[PDB]
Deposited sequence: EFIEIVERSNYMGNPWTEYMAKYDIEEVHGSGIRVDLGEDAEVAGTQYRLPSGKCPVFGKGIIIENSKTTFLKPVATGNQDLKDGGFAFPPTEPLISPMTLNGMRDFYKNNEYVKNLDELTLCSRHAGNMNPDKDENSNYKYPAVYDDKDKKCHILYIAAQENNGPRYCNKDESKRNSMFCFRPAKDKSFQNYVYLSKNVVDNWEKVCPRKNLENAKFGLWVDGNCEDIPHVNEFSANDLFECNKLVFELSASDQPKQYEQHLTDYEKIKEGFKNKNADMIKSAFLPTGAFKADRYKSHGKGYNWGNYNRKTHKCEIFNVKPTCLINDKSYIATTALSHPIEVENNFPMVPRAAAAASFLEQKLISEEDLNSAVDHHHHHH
C-alpha cells in the first residue's frame, strides 16, 4: 500500500485512542478516590460544550464557594498567580526557564500548562485537567470541570461543534507534541476516503447517509456520531463513526466506522473526520 504513511493520521484508534464526542479514556486518583478523565492524543478542532442552550457560558469560570453550578461555566476560577485563562505569550513567559516546555506549539503548551496543576496534596497523582485553546484570542482555558455530557429526561450540557466554537480546540492531558504531523486538522478537498484492495482504492462498501447543507454540517454530524466514552465498559478507545465523505454536489455526508486506508481523487468530495476543523480545507491531492 503506497498510502500507508499518508493515511496513518486517519487511523483514529491508533493516533487518538480515546473518545472524540466525549473523551473519558483514562482514570486517575485524587486522594484515594478514582475519577474519569480525558485522554485523547489528538486535538479536537471546533469542540465546545453547550450548557442549557447557552454557547458563551462554558469558558466562564466555575461557580465559586456559595454559588450554584448553573451560575458558572466549566473553566478554572481566578487564581493567584493568575494561571487561567492565560495567553500564549503569558504561558511562554511563565515557562521561560523550562527549555522542555517554553517552545512547545500553542496546543501542546496549553495541554502541558493545564496538566501542570495538581489538585492533590500527593505529587504522584495522575489527575490532569483538560483545556480549551481559543485561536481567536490565543488564550488557554484550563477546564475545572472535565465532564462533557449530562443529558436525558439541574445543569444539563452536551458537547458540540457549533459556529460559535469554530476557533476552540479541545485538549486532553495527552495531546502529542507532534499533532501537526500525526493528527487530522484540515478537510481534504477533491478527495474521498476509501479502502486499499489489490492495488486499487475501493469505495467504503457500506456508509450511513446523512443529508448536510455544507461541509460544516457534515463535520458536525460526524462529530455527533463519533467515538464516545459516555455511559472500562464505557471506553471507546477511539472506535466509532469517526469519518465522513462529504459529497458537495448531492449534499450528502457518507458516515462510516472503519478506518480508511487510501484516498480517491473525486472532485465532488471532501474527506472529513470528527477531529478535523469544521471549515479549513487542503486542496493538495497527494
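Asker: No C-alpha coordinates means not modelled. Give me those stretches of the deposited sequence in order.
Answerer: According to the deposited record, C-alpha coordinates are absent for 1-13, 167-178, 257-293, 349-381, which together make up the missing parts.
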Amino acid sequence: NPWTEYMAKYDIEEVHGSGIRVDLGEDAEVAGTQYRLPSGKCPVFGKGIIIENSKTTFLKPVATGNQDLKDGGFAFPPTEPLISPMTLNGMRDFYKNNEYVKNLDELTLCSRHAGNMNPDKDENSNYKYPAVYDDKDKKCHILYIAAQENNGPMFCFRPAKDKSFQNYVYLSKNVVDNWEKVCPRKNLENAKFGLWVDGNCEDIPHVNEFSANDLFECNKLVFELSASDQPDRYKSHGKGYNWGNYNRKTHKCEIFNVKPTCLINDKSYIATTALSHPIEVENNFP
From here on, numbers count along this sequence of modelled residues.
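Asker: Between 73-81 and 211-219, point out the one with the higher average CA B-factor as the PDB entry records it.
Answerer: According to the PDB entry, the answer is 73-81.
Asker: In the PDB record, does 242-250 or 57-65 carry the higher mean Cα temperature factor?
Answerer: The stretch with the larger average C-alpha B-factor is 57-65.
Asker: Quiz for you: based on the deposited Cα B-factor, which of 227, 42, 30, 49 is highest?
Answerer: If I rank 227, 42, 30, 49 by C-alpha B-factor, first place goes to 30.
Asker: Please work out which residue in 124, 166, 187, 87 has the highest C-alpha B-factor recorded for this crystal structure.
Answerer: Spelled out: the listed residue with the top C-alpha B-factor is 124.
Asker: Using the B-factor values recorded in the entry, state whether the Cα atom of residue 235 falls in the lowest, middle or highest third among the modelled residues of its chain.
Answerer: Residue 235: CA B-factor falls in the highest third of its chain.
Asker: Comparing against every modelled residue in the chain, figure out the third that the C-alpha B-factor of residue 261 lands in (lowest, middle or highest).
Answerer: It falls in the middle third of the chain.
Asker: Taking the entry's C-alpha B-factors for this chain, is residue 200 in the lowest, middle or highest third?
Answerer: Its C-alpha B-factor, which the entry lists for residue 200, ranks in the highest third among residues of this chain.
Asker: Looking at the temperature factor on the CA atom of residue 104, which third of the chain's modelled residues does it land in?
Answerer: Middle third, going by the recorded CA B-factors of the chain.
Asker: Is residue 170 in the lowest, middle or highest third of its chain when residues are ranked by C-alpha B-factor?
Answerer: For residue 170, the deposited C-alpha B-factor lands in the lowest third.
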